[PDB]
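Only one structure is covered here, and it is reproduced in the block below.
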Amino acid sequence: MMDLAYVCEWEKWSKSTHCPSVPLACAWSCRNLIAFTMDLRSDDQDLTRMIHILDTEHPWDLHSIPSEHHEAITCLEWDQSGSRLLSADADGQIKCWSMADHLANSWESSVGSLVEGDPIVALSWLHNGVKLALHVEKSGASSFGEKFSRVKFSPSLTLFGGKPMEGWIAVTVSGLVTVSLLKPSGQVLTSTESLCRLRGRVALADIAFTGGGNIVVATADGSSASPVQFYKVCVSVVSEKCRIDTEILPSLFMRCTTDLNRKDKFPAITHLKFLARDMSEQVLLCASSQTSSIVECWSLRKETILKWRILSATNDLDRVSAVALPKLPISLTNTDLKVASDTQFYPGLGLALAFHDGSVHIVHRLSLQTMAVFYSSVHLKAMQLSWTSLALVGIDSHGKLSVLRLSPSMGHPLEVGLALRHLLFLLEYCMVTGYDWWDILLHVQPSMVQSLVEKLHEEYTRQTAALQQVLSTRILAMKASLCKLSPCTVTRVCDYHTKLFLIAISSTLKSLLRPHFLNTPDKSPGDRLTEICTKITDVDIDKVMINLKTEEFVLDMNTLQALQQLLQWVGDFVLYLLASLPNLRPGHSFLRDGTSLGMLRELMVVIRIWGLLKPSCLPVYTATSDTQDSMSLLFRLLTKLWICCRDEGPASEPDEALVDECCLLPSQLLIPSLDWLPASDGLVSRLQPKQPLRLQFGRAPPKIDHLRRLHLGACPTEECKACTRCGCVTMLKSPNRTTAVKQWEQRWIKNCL
Amino acid sequence: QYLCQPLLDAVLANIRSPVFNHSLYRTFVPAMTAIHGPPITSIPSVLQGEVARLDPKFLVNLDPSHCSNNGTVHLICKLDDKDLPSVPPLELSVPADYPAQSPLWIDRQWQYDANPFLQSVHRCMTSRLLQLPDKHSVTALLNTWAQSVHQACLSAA
Ligand SMILES: [Zn+2]
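Top line first, the protein sequences correspond to chains P and O.
All letters in the first sequence, in the order written, are residues 12 to 314, 335 to 408, 429 to 634, 639 to 756, 777 to 828 by the authors' numbering.
All letters in the second sequence, in the order written, are residues 615 to 655, 673 to 788 by the authors' numbering.
Pasting the structure below:
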């Protein structure tokens with residue numbers, strides 16, 4: 012079923028006029044990063060050459076890049092990863108845009124290439140050779156190895172091991188090609204050579220890999236009287252430069268002209284491309300006249336040894352102004368095709384299409400007929436999908452950011468169980484990788500949340516205990532994000548989101564300590580510290596502190612004052628949590648999930664060592680007894696909660712004897728503060744299907780750092796990097812650098828969890 | 615002024631510090647919020680003001696010739712008086728930023744010919760206008776142009 016998300020529109024920016032308009036192209040990262048452009052002609056030329064980057068949660072704070080160019084950008088593509096860019100244009104002027112310092116609004120490009128007097132007709136990157144297969148037939152496989160296994164395409168030109176080289180190639184508009192490859196070192200090797208003896212006009216072309224590091228290219232002069240030649244790239248770096256051998260493939264002529272009825276119809280070629288990148292045995296070839304367009308698919312199946340053959344065509348077409356390809360990698364098996372055909376599952380079979388009128392249509396990839404129909408009530432210049440293709444953005448000849456949310460359901464009747472199963476497969480598609488999956492959280496219903504979180508609870512299981520070492524954080528954040536959309540759990544997502552910060556701060560400070568002389572060898576002091584904590588459930592702690600290998604824990608006596616605030620904070624959120632007993640509560644899930652409380656038991660036993668060793672670093676709380684060492688009697692309360700929680704799956708409500716003792720807490724201790732992470736600054740709690748919000752730019756319809784516990788003023792000054800995934804202020808320049816922890820900052824030096 | 619130098623010396627010692635807003639917070643916050651109480655629950676407007684109190688005996692309007700919508704402006708004057716006879720209409724010249732500058736007036740010697748009365752009018756213009764002070768308004772020049780007609784009519788009559 013089709014949904015329209017929003018349109019985010021600048022004020023006094025649209026209605027480009029008094030200029031020859033240009034078709035536009037769009038690009039998208041591996042992450043949720045749309046890179047787009049628009050032709051304006053408003054007293055400057057760089058508005059046409061302008062780069063706009065929109066993070067997927069806040070469509071207003073757009074990253075702006077004034078890409079200066081002598082000729083307007085024609086093709087825009089990203090890297091396979093989210094690290095490199097290309098803005099293709101005539102006569103070279105191509106750069107390499109790398110990410111700047113893990114912000115959200117910062118780029119740079121100090122390197123690139125240029126060719127003089129020769130526009131470029133085709134371009135592509137190099138290959139990596141890493142690819143897996145998606146099996147929707149294996150929904151009940153209950154293992155990530157079965158549903159996700161590598162197909163192992165051959166990596167391109169693996170030198171010095173199995174690592175394929177990095178670079179890109181391009182075919183110019185004349186009889187000339189260029190290659191530029193980045194070394195393992197900082198240098199780059201660029202070569203340029205005539206593709207054959209025939210140097211000529213090339214209207215259209217495409218570039219696609221083959222198995223073995225070779226590349227097959229296409230040609231299109233546009234004179235409508237020439238054969239469509241095909242050439243092969245032979246990579247060979249002969250000791251100083253990549254000498255490339257060229258040869259002619261068995262070519263093809265064109266149909267719809269030998270029938271002799273009408274041959275000068277559709278007089279110029281307008282589209283020539285391969286079906287998908289990295290493969291050159293299936294060619295889209297479309298000729299558009301001033302009225303309509305005609306499209307043909309050619310297949311390189313062996314009977335000449337390399338002969339192209341027609342596949343399919345639809346009923347009627349208008350003038351196509353925009354086209355794209357599906358991005359989800361179905362295992363290309365016919366059993367997968369049938370199990371994706373009987374159930375409503377089409378995430379990777381739809382080639383995007385557009386016309387000169389207000390209509391949005393898909394076309395099926397294998398069979399060129401019009402699969403979907405929608406009516407817009429403009430000619431679309433480009434579209435830009437996602438890997439799951441659950442959402443996309445479109446560029447017409449206006450400044451409107453039409454964002455459409457698709458789905459494989461289509462409105463053919465899917466039951467509730469098939470609604471679970473269609474989303475669970477694409478959830479496992481993103482949970483196996485370190486990717487971004489914002490577009491698949493869109494179509495979730497509030498009733499769908501309770502059904503899907505219960506499935507995701509068992510999705511953490513059924514893996515062989517090693518994947519689950521580090522993806523626990525990702526699944527906690529996953530059901531943090533998905534529970535936000537349900538009104539019953541929007542008051543409960545604070546439990547998940549604060550627990551992400553708790554597990555972020557937990558493991559990183561358990562690595563700073565080290566035994567100067569090793570005790571209990573062939574294992575860390577941390578596991579012995581765990582077992583002495585789980586074997587002693589004592590009310591007090593002065594009996595405990597004798598046999599805790601007190602001579603092993605020795606610090607450098609310098610960073611204890613610096614790390615005060617964190618150890619100020621971790622015992623204070625406990626101090627709040629002791630007073631939440633006599634109350639769906641935003642702190643209710645911690646009463647039954649004692650793993651956080653188990654970590655709280657584990658952390659404080661080494662903190663008390665420094666508290667009795669150097670008491671200047673102790674966290675000063677707000678009890679109404681300043682001479683009372685109340686930490687022993689709080690060990691009493693946490694052990695009283697633990698005997699109600701250390702049972703394996705207890706589901707035990709703590710007794711009222713603990714409740715009245717926790718009512719003695721306000722006699723001394725009062726709640727300092729909290730920090731609920733899930734501030735819904737994203738569009739998760741702002742939009743609705745059939746209820747779009749026409750957004751604008753920059754309208755935006777007690778300030779303490781979420782990561783570090785340093786209190787700021789009412790309107791602080793220090794800058795931050797935009798953690799777009801949850802809106803926590805990942806502040807940029809830490810106050811202490813010469814004496815700083817080198818992992819607690821570096822774990823989220825890039826992004827948040 | 616007297617015994618306040620600890621407070622003055624603390625802020626200069628704690629300046630250029632990134633923990634400044636948190637060091638002051640840590641040393642100060644519980645003291646005031648505990649005992650004293652909890653927290654709470673075309674043409675410029677210069678000529679538009681100029682022509683507002685101009686005399687109705689002048690009917691000055693813009694020149695039909697020359698450039699428009701630019702810094703320099705020219706205003707041709709109309710005099711409808713039954714007391715005074717007919718004279719050439721006269722035309723001024725005022726550049727951009729009319730306050731704090733001294734404008735000018737056009738010159739045409741042959742228009743005031745064929746009568747020595749008009750020559751006396753021109754000589755009276757050269758007499759009165761050459762002693763006008765700097766940076767004066769258009770009312771002074773308009774009124775000195777107006778009074779010289781009577782000053783020449785009394786000599787003519
Ligand atoms: Zn975050």
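By construction, the Cβ of each residue, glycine as well, lies at the ideal position given by its N, Cα and C atoms.
Coarse secondary structure for residue i, derived from DSSP in three states
i, result
"residue 692 of chain O", "strand"
"residue 751 of chain P", "strand"
"residue 617 of chain O", "coil"
"residue 56 of chain P", "coil"
"residue 616 of chain P", "helix"
"residue 39 of chain P", "strand"
"residue 575 of chain P", "coil"
"residue 592 of chain P", "coil"
"residue 639 of chain O", "helix"
"residue 74 of chain P", "strand"
"residue 723 of chain P", "helix"
"residue 479 of chain P", "helix"
"residue 377 of chain P", "coil"
"residue 405 of chain P", "strand"
"residue 175 of chain P", "strand"
"residue 184 of chain P", "coil"
"residue 676 of chain P", "coil"
"residue 387 of chain P", "coil"
"residue 165 of chain P", "coil"
"residue 396 of chain P", "coil"
8 Å Cβ cutoff, residue i in contact with chain O
i, result
"residue 614 of chain P", "no"
"residue 786 of chain P", "yes"
"residue 670 of chain P", "no"
"residue 810 of chain P", "yes"
Chain P within 8 Å of residue i, Cβ atoms only
i, result
"residue 650 of chain O", "no"
"residue 628 of chain O", "no"
"residue 636 of chain O", "yes"
"residue 653 of chain O", "no"
"residue 633 of chain O", "yes"
"residue 743 of chain O", "no"
"residue 639 of chain O", "yes"
Quiz item: For the stretch 560 to 579 of chain P against the stretch 784 to 795 of chain P, are there 3 or more C-beta pairs whose distance is under 8 Å?
Solution: no
Quiz item: What are the complete beta strand (DSSP E) segments, minimum 3 residues, inside the stretch 782 to 814 of chain P?
Solution: 795 to 797 and 804 to 806
Quiz item: Three or more beta-carbon pairs under 8 Å between the stretch 211 to 218 of chain P and the stretch 178 to 188 of chain P, yes or no?
Solution: yes
Practice problem: At 4 residues or longer, and completely inside the stretch 490 to 517 of chain P: list those alpha helix (DSSP H) runs for me, N to C. | Solution: 497 to 510
Quiz item: So does the stretch 740 to 760 of chain O actually touch the stretch 676 to 692 of chain O, counting three or more Cβ pairs closer than 8 Å?
Solution: no
Practice problem: Please write down, chain order preserved, every residue whose beta carbon lies under 6 Å from a heavy atom of ligand 1. | Solution: P:798, P:800, P:801, P:803 and P:827
Quiz item: Are three or more beta carbon pairs between the stretch 745 to 756 of chain P and the stretch 15 to 28 of chain P nearer than 8 Å?
Solution: yes
Quiz item: Would you say the stretch 190 to 201 of chain P touches the stretch 141 to 152 of chain P, given that touching needs at least three Cβ pairs under 8 Å?
Solution: no
Exercise. Evaluate the contact criterion for the stretch 769 to 788 of chain O versus the stretch 715 to 735 of chain O: three or more CB pairs, one atom per stretch, below 8 Å.
Key: yes
Quiz item: What residue ranges within the stretch 335 to 364 of chain P form continuous alpha helix (DSSP H) runs of no fewer than 4 residues, ordered along the chain?
Solution: none
Quiz prompt | Contact the stretch 162 to 171 of chain P vs the stretch 122 to 139 of chain P: 3+ CB pairs below 8 Å | solution = yes
Practice problem: Indicate whether the contact test is met: 3 or more Cβ pairs, each with one atom in the stretch 266 to 274 of chain P and one in the stretch 239 to 253 of chain P, closer than 8 Å. | Solution: no
Exercise. Pair every Cβ in the stretch 541 to 551 of chain P with every Cβ in the stretch 559 to 566 of chain P, then say whether three or more of these pairs are closer than 8 Å.
Key: no
Exercise. Report yes or no: do three or more beta-carbon pairs, one from the stretch 640 to 655 of chain P and one from the stretch 692 to 709 of chain P, lie closer than 8 Å?
Key: yes
Practice problem: Check whether the stretch 457 to 477 of chain P touches the stretch 46 to 62 of chain P, taking contact to mean three or more Cβ pairs, one atom from each stretch, closer than 8 Å. | Solution: no
Quiz item: Can we say the stretch 613 to 633 of chain P touches the stretch 717 to 726 of chain P, given the rule of at least three CB pairs closer than 8 Å?
Solution: yes
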